[PDB]
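> Experimental structure and its sequence below.
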Amino acid sequence: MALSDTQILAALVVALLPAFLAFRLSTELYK
Amino acid sequence: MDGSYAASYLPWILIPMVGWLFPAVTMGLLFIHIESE
Amino acid sequence: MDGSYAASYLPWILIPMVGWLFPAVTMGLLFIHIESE
Amino acid sequence: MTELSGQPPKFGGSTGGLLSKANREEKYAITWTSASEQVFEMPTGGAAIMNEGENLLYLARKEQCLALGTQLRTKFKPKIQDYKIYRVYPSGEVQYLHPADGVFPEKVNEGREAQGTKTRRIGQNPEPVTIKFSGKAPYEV
Amino acid sequence: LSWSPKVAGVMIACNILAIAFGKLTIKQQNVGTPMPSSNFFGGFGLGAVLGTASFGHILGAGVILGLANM
Amino acid sequence: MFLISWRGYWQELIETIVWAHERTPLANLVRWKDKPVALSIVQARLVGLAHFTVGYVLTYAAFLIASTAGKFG
Amino acid sequence: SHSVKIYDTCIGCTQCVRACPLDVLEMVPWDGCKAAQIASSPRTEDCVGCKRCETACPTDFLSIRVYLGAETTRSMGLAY
Amino acid sequence: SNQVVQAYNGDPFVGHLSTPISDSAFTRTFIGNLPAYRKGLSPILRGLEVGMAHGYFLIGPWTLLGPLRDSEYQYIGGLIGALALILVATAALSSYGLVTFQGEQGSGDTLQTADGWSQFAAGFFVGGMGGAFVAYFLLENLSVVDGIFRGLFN
Amino acid sequence: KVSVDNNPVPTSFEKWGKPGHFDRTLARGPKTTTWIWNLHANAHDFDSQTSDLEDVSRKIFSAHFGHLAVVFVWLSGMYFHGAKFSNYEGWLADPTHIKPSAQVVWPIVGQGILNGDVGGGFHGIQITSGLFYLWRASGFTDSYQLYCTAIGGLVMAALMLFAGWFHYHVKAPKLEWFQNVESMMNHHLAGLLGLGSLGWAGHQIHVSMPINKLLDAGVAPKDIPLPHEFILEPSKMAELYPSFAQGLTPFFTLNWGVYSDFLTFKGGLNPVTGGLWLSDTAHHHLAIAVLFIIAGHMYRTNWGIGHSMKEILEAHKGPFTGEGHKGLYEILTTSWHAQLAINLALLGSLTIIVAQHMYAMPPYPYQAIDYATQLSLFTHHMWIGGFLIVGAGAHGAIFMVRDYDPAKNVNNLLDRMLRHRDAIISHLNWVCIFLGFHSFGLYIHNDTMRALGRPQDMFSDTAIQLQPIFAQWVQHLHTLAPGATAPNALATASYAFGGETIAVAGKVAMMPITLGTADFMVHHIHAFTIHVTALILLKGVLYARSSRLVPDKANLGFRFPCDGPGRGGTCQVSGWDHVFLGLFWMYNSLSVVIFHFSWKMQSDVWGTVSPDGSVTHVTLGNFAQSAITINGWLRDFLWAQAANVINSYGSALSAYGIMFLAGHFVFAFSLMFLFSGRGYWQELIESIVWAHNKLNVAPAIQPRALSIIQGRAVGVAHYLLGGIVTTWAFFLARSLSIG
Ligand code: CLA
Ligand code: CLA
Ligand code: CLA
Ligand code: CLA
Ligand code: CLA
Ligand SMILES: CC1=C(/C=C/C(C)=C/C=C/C(C)=C/C=C/C=C(C)/C=C/C=C(C)/C=C/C2=C(C)CCCC2(C)C)C(C)(C)CCC1
Ligand SMILES: CC1=C(C/C=C(\C)CCC[C@H](C)CCC[C@H](C)CCCC(C)C)C(=O)c2ccccc2C1=O
Ligand SMILES: CC1=C(C/C=C(\C)CCC[C@H](C)CCC[C@H](C)CCCC(C)C)C(=O)c2ccccc2C1=O
Ligand code: SF4
Ligand code: SF4
Ligand code: SF4
Ligand SMILES: [Ca+2]
């Protein structure tokens, strides 16, 4: 009934793109 | 110390990464940045 | 894999020599020769 | 002759242009005088906007420069027949290559010299037995 | 699901919503076959009013068959 | 491959590989001393002839030996 | 470089000069034909050996020959 | 304008394109700060940096996929294979620098010089065998590393 | 908006006696024998004869009518041979046991042995095209309906021929009628595709559903009611389906839920006949008709509403893409070759989609049981699709050479794609080499690990296993689809994803195809060969204008042999020779694809069935551990399954042996044209002209060798003919031997 390892890895992959998008926002907020 | 949850192998590498590997390269990049000209 | 013949110790060193040590120094000497001026 | 006067044409940039041979061994440069702001296809790839007046374009081979000269002389109704193809070295020297006599090679003028002209037919060529070890060629001697 | 004023009511309501949609966002509307007047809606014309009534029917079959099973 | 295809295709391909090596960032350190071109026409004819020959000879020396050594050995 | 030799069978039809896309051939004056001109190749270090001059020539066994000799950066046509 | 891909370094006749993969700000601050490219280093240190990341990962494909993964001498065969590969690698690049930089000996950009590339070869060999031996030593004592990351030696 | 010129070309037979009049250099006189080959090399090059965009377009339109007459007389021949010289009513009496045959052979030289006993006393050659199952799906009962369909097809063949003569010599349309591309697109969407789908939906409702329903009940031939009798008496149709007593009236009030008994969404297969459900396909064609005619009103023609495609192409422009599609509407309505390249690309991919869909969802009754029909239909549609995709790569290059004007499309997508041709091809060949090592070197690696006696180091399933997890997860989603993500569907989309084993007449129709590591390796082989053919054709498209080797490629033409032996050598540099190489690479790609299909389906899918539920396959499950080796592909597939072509003499499958050896002959004959060059053969032919001049018999037509492009063309033509004939003979003889 608990979670699986593939759900945790999918959560890491689906949170990888907020890291890229926050990197884009931080870069354009610096300049 | 182990993990009963799913993916117990993952904090075994994420705790030293965010503890050492993330702050060492963050302080390295920041010290290179704030002391350059 | 062994050798029932006399001097079974000898292909044990002659097979890696003619396989690696001879062609590496032959190609090294030839590439030094054909690209020099 | 020694100085290239011109502006670069309007072009976005390509990949088949000047490679690492340009700043090391040699490159070429075509200069011509346009009439309007028309569009020409460079042999590097894609189209470019030919600027008004005297403009300069850097290429990597002489064959691309002569292919552009053919495109300038045939594929326009104001036929551009006053282009000059120079060879630029990385040392800075510029060699006037074409049409260096001043007139095009398709027509004859006085001042040229017959270089590489034989006085015989091809059937009157010598045989490679009499010059078998002289080191020369059967067509040269 | 058969002929009723309920299915006809939601059909006519989404149809006239589609007429308002065509009157709001069609780029060129009038230049077709001319309508006799402008009494219906807008200044559409014959082909334009056939188009927005047909989109009213497409939208009609959409919400009706989307609610006949729900 | 050397028999059917000819040189001009492979020269157009080698132009692109040269461009990719000259515009890859970390491989701009390693540059060729001799300019890489395609094999010449008579040359790669001879190479395809050599592969046809030694390929023929190796597959027949495999079959001719093993079939009659499987039947009589 | 290649060697472009032009024999005396040339009739001065200047097809080979306008066919070669590298500007090695050029018409020099002559007195052995009706056109009173013959092609000549001074800039043989720019010839790649494409033999496009040996496709537009009207004589039997064409009066211009391109003997493929040595190679270089120009004769191999390399942009790198 | 709003176009993100432009000509490389202003002039549009060099065969390259200023592109968000090629010439973005992040690319020219990350590739330009890689050891083979960042300014202010001798080639011995930058060869030592390049060598360590190459030696550290070459242990992997032979300790997991090599022929000695059946037996108990798994990591020893992985180290032996990677030492052979880095020895061939430094033989290739030292012979490259032996034959390419003979002659004119250009002054600037000291990596592309014969003494510079030989310093790069010495650095690559030291970093290569050291990264290979560290990855071997950290894979052979994996029970120790697991014990000091889980904290069971206390 | 119709613009027609009246009588542009006079009808006359005097031009037929002067061959070569269409081109300027051919009508002078056949001074040389190469003129003969040029007469066939420029006979359809309509862009080189006329250069005004109006004469060529009406020439194309009349050529379409002539080719349509060729397809109609071919289809008439199929229905006539199914009427007169077949056993269609005999096969309809007993479909499971006897085998179809629609060609009887005249016994003249001993070829009466080709008329094998196909079942029921009828002799003939057993057909593998499988259009008998098409006829049973449509609803044919007796041979007279096939005969009248052949007669009506020949009538429409002569009608299309008369329309071609009428539209070239009597009333030919103008250029503005051809350039009305939005009217052409929405008429072809609604009135051709959607209206034709509605016609076949009506035929499937009225004819194909009741006839196949009572044929699945078990009604014998000469007892089925005639297909018009269901319309003439609707009670015979209302006793089969309860919804036909409701009439047309629930359709117009959107009471379609009462039509659910005869427009079902069953899916899967029919367990009685081993095909798709006819109610499912009737509902399917009706839905495609509605969606196409809806999409058939998108483009404005005369009434204001509608999308003119020009501002559609104007509106799509991003930061990477510069000016976007600005100029493509002027390209695709002024150049027929760009339209031909797009249409050949999408028709080729459509035909490959047809092959990849007609094996796991068999749409015809008793089609999945006949293994020869299934294998032949798969591989033939695969080959037609791959051929048309190579033609897309050809006509892209012809558009670049002779139909590309660079002054009109500046900084658009075509100019930007031609501006970074190196950054496309130098990554495409990298992924070609990466896929080449990682799909073929895997095969060499476990070939070597099996030859060195160490099977634990291979890439097998018991060895290091490369499990294809993505397609296995997709198969799990398709198995879990009906009830969760397709709740009104009873069965799956197919039984190849996952489900029960469908058995009809002692054979297996479709069982779930599991994907081991052998399917992983062979799919990467498929992606590799697809990438290489899409490298040769794409670098024939992009490098057709100019290059750094030869920057004068546009003035030399599309079809030239070389620029010369200079620059090291420039032979096979044109855009034509990339098609010449891509044809071999299409041959290699599709040969491996149909080999993977034939072996996987006869090792893991086909075979007989047993009443306790166990399935025994044809090759007893060889694909698991023996499809990962090159020696496994040679021994267990090309040696073991070719024995049915080898040992079949003195029998019905005897022509396939002398087509097997025939295809090997044409392959080996192609090598003479591919390997040798022209000047040898010219130096030899001139000696034969000497031997003819010695006896005063030398012809005044000057006899000389083929052109260099001609030599490469006949080499690739005989290569592809010989290889495809060999594979055709092998596949047909094997799958007719196994049943
Ligand atoms: C927040 C993160 C964090 C984490 C995860 C740790 C973890 C650890 N600390 Mg620690 N510490 C921290 C913060 C942290 N600390 C802070 C903030 C302080 C200051 C108050 C301290 C002060 C401290 C002291 C005073 C001591 C520790 C010790 C220890 C270790 C106990 C077991 C041991 O001896 O390890 C053995 C040592 C190691 C595992 C060191 C790491 C070496 C690794 C294995 C080599 C990998 C390098 C590799 C080549 C590069 C890979 C490249 C990469 C990209 C993959 C343990 C690893 C004890 C110790 O002995 O540590 C040395 C000890 O005495 N810590
Ligand atoms: C013709 C000669 C030849 C010989 C003798 C070998 C021998 C070997 N190959 Mg090999 N191979 C060859 C040709 C040859 N190959 C060719 C032509 C190819 C290309 C197709 C390959 C491709 C290949 C692959 C793909 C693999 C092998 C592997 C192996 C090894 C199997 C056991 C192992 O893991 O070793 C362990 C590794 C070694 C013994 C490496 C040598 C390191 C030595 C011990 C260090 C000595 C250096 C010393 C400091 C210098 C001394 C100085 C001197 C003057 C005395 C074995 C040593 C397998 C392997 O794992 O090898 C790494 C493997 O996966 N080979
Ligand atoms: C090209 C296909 C291919 C592949 C994938 C393999 C793979 C393998 N072979 Mg092999 N082999 C091949 C062809 C191939 N072989 C051929 C053609 C032959 C000759 C007939 C052999 C002969 C052979 C022998 C004799 C043996 C093997 C063995 C092996 C296994 C271990 C070898 C090893 O450690 O590699 C070492 C490889 C490397 C050190 C290179 C690693 C490259 C890295 C991964 C690239 C990374 C790129 C990176 C991800 C990109 C991003 C970088 C950055 C930007 C982040 C391995 C599964 C051995 C075994 O035991 O089998 C199980 C063995 O004994 N092979
Ligand atoms: C919609 C389909 C279509 C259409 C309309 C065209 C139309 C055209 N193509 Mg084309 N092509 C297509 C598909 C198509 N192609 C495909 C799919 C391919 C890939 C194979 C090609 C490959 C191709 C090439 C390579 C060339 C053309 C060329 C041309 C143009 C001139 C045609 C010509 O001279 O041939 C006239 C007809 C023939 C020469 C007859 C060919 C006979 C073949 C080779 C043998 C048939 C074998 C037969 C099936 C087996 C039985 C025979 C025997 C055993 C009994 C013309 C515009 C040419 C061109 O534009 O040059 C400027 C050109 O060079 N095409
Ligand atoms: C069986 C013969 C054969 C082979 C092996 C190839 C192989 C190849 N062709 Mg090819 N070709 C052939 C026949 C063949 N062709 C024919 C007959 C034609 C005529 C139409 C063509 C036309 C053709 C075109 C038009 C193109 C190719 C291209 C390619 C390359 C694609 C990259 C790839 O697969 O990864 C590389 C795969 C291999 C080299 C095969 C794997 C073998 C093993 C794994 C390697 C050996 C292991 C190791 C090195 C051994 C060491 C031993 C040591 C002593 C050296 C590849 C080298 C393309 C290319 O080069 O660009 C990408 C390309 O554009 N081919
Ligand atoms: C993040 C990221 C990335 C990266 C990744 C990777 C790929 C990484 C790698 C990593 C690695 C690869 C690492 C490594 C490391 C290493 C090291 C750390 C080593 C060290 C060594 C040592 C410690 C040794 C020492 C010694 C000894 C012991 C003895 C001998 C000598 C010597 C001294 C040398 C990329 C690019 C994608 C992008 C962005 C993101
Ligand atoms: C593939 C190919 C190429 C490309 C060939 C290239 C790029 C050569 C690359 C050779 C690689 C480096 C392998 C060479 C190593 C071999 C094992 C040979 C060993 C070296 C000897 C000196 C012993 C051509 O240039 C060519 C030219 C004319 C007709 C056909 C073709 C042709 O088919
Ligand atoms: C043999 C050969 C020739 C010579 C080709 C010739 C002589 C063509 C032969 C044609 C003869 C006349 C056979 C006729 C062709 C068909 C059989 C005609 C069909 C006739 C029947 C229907 C009656 C080349 O010209 C050539 C050119 C470039 C590369 C390779 C080659 C090459 O290999
Ligand atoms: S083409 Fe021949 S005949 Fe004419 S000028 Fe040149 S060499 Fe003389
Ligand atoms: S070979 Fe080419 S470059 Fe040389 S003279 Fe002839 S046409 Fe000119
Ligand atoms: S071999 Fe033939 S195709 Fe190749 S360059 Fe020479 S003449 Fe041209
Ligand atoms: Ca082992």
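Good, I have the coordinates. Numbering: from 1, shown residues only, chains lettered A, B, ... in the order given. Ligands and ions are numbered 1, 2, ... in the order given.

> Tell me which residue is most central in chain H.
Closest to where the C-alpha atoms of chain H average out (Cα atoms, centre = their mean) is residue H:50, at 3.1 Å.

> wouldn't it be in contact with residue H:122 here?
No: between residue H:50 and residue H:122 there is no contact, the gap being 11.8 Å when judged by Cβ atoms under 8 Å. All C-beta spots, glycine's among them, are computed from the backbone N, C-alpha and C.

> Residue D:137 and residue G:48: what is the separation?
From residue D:137 across to residue G:48, the span is 19 Å (Cβ to Cβ, to the nearest Å).

> ok, those two, which is more surrounded?
residue G:48 (31 against 13; other Cβ atoms under 10 Å in any protein chain shown).

> what helix or strand is the residue in chain E that ligand 10 sits nearest to on?
The nearest approach of chain E to ligand 10 comes at residue E:27, 57.5 Å away (Cβ to the nearest ligand atom). Residue E:27 is part of no helix or strand when elements are defined by DSSP states H and E.

> before we move on, back to that, find the nearest non-adjacent residue to the residue nearest to the centre of chain H, please.
residue H:35 (5.4 Å; Cβ to Cβ, 6 or more residues apart in numbering or on different chains).

> For that neighbour, which residues are in contact?
By Cβ atoms under 8 Å, 6 or more residues apart in numbering or on different chains, the residues touching residue H:35 are H:41, H:45, H:46, H:49, H:50.

> Which one (most neighbours) among those?
Counting neighbours by other Cβ under 10 Å, residue H:46 leads these with 23 neighbours.

> list the contacts for that one?
Neighbour list for residue H:46: H:35, H:36, H:38, H:111, H:120, H:123 [criterion: Cβ under 8 Å, 6+ apart].

> Need the buried ones from the residues you listed selected in PyMOL.
The following PyMOL line selects those of the contacts of residue H:46 that are buried, judged by 16 or more other Cβ atoms under 10 Å in any protein chain shown:
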select buried, chain H and resi 35+36+111+120+123
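
> if we take the contacts of residue H:46, which one ends up nearest to residue I:363?
residue H:36 (60.2 Å; Cβ to Cβ).

> just checking, the closest one touches residue H:111?
Yes: using Cβ under 8 Å, residue H:36 is in contact with residue H:111, at 7.3 Å.

> picking that back up, the contacts of residue H:35 in helices, which ones?
H:45, H:46, H:49, H:50 (DSSP state H).

> these two touch, right, the third one and residue H:128?
It stands for residue H:49. No: with contact defined as Cβ under 8 Å, residue H:49 does not reach residue H:128; the gap is 11.2 Å.

> Quick one: the helices in the chain, in order.
I'll assume chain A. Under DSSP H, chain A gives helices at A:5-14, A:16-30.

> Can you look at chain H instead?
Per DSSP H, chain H carries helices over the ranges H:25-30, H:43-57, H:60-65, H:74-100, H:114-140, H:142-150.

> The second one and ligand 6 in contact?
Looking back up the chat, that one is helix H:43-57. Yes: contact of helix H:43-57 with ligand 6 (Cβ under 6 Å from any ligand atom) involves H:52, H:53, H:56, H:57.

> burial measure for the second one, as a count.
Neighbouring residues of residue H:53 were enumerated by other Cβ under 10 Å; the total is 13.

> what's the answer for the first one, then?
Neighbourhood size, residue H:52 [other Cβ under 10 Å]: 22.

> Show me which residues of chain A sit near chain H.
residue A:27 (Cβ under 8 Å from any Cβ of the partner chain).

> What of chain D?
Checking chain D against chain H by Cβ under 8 Å from any Cβ, the hits are D:8, D:11-19, D:22, D:44, D:57-59.

> since we're on residue 29, how many residues are nearby?
All of this is about chain A. Neighbours of residue A:29 (other Cβ under 10 Å): 7.

> My question was about chain H, not that one.
Using other Cβ under 10 Å, the number of residues around residue H:29 comes to 9.

> repeat for the one 5 residues further on
Residue H:34 has 13 neighbouring residues, counting by other Cβ under 10 Å.

> Next, give phi and psi for the residue in chain B that ligand 4 sits nearest to.
Scanning chain B for proximity to ligand 4 using Cβ to the nearest ligand atom identifies residue B:7 as nearest, at 52.3 Å. Backbone torsions for residue B:7, taken as degrees, to the nearest 10, come to phi 60, psi 60.

> Among the contacts of residue H:35, find me the one that's closest to ligand 11.
Set against ligand 11, the nearest of the contacts of residue H:35 by Cβ to the nearest ligand atom is residue H:50 (44.0 Å).

> which secondary structure element contains residue D:56?
Applying DSSP H and E, one finds residue D:56 within strand D:54-59.

> Get me the contact residues on chain B for chain C.
Counting by Cβ under 8 Å from any Cβ, no residue of chain B lies close to chain C.

> picking that back up, any shared contact partners between residue H:36 and residue H:111?
Common neighbours of residue H:36 and residue H:111, using Cβ under 8 Å, 6+ apart, are F:29, H:46.

> Which parts of chain F are helices?
F:7-23, F:41-71.

> Pick the most deeply packed of those.
Ranked by mean neighbour count, the helices of chain F are led by helix F:7-23 with a mean of 22 (mean count of other Cβ atoms under 10 Å in any protein chain shown).

> Tell me the helices and strands packed up against that one.
Applying 3 or more Cβ pairs under 8 Å, 6 or more residues apart in numbering or on different chains; DSSP states H and E, we find helix F:7-23 packed against helix I:421-451, helix I:517-542, helix I:575-604.

> so which of those helices gets nearest chain D?
helix I:421-451 (4.1 Å; Cβ to the nearest Cβ).

> Which strand or helix spans the closest residue to ligand 5 within chain G?
Nearest residue of chain G to ligand 5: residue G:80, at 18.1 Å (Cβ to the nearest ligand atom). In the assignment (DSSP H and E), residue G:80 maps to no helix and no strand.

> contacting residues around it?
Counted by Cβ under 8 Å, 6+ apart, residue G:80 has contacts D:19, D:20, D:21, F:15, F:18, F:19, F:22, F:35, I:548.

> for residue G:75, same thing?
Going by Cβ under 8 Å, 6+ apart, the list of residues near residue G:75 reads G:1, G:2, G:45, G:47, G:48, G:49, I:566, I:567.
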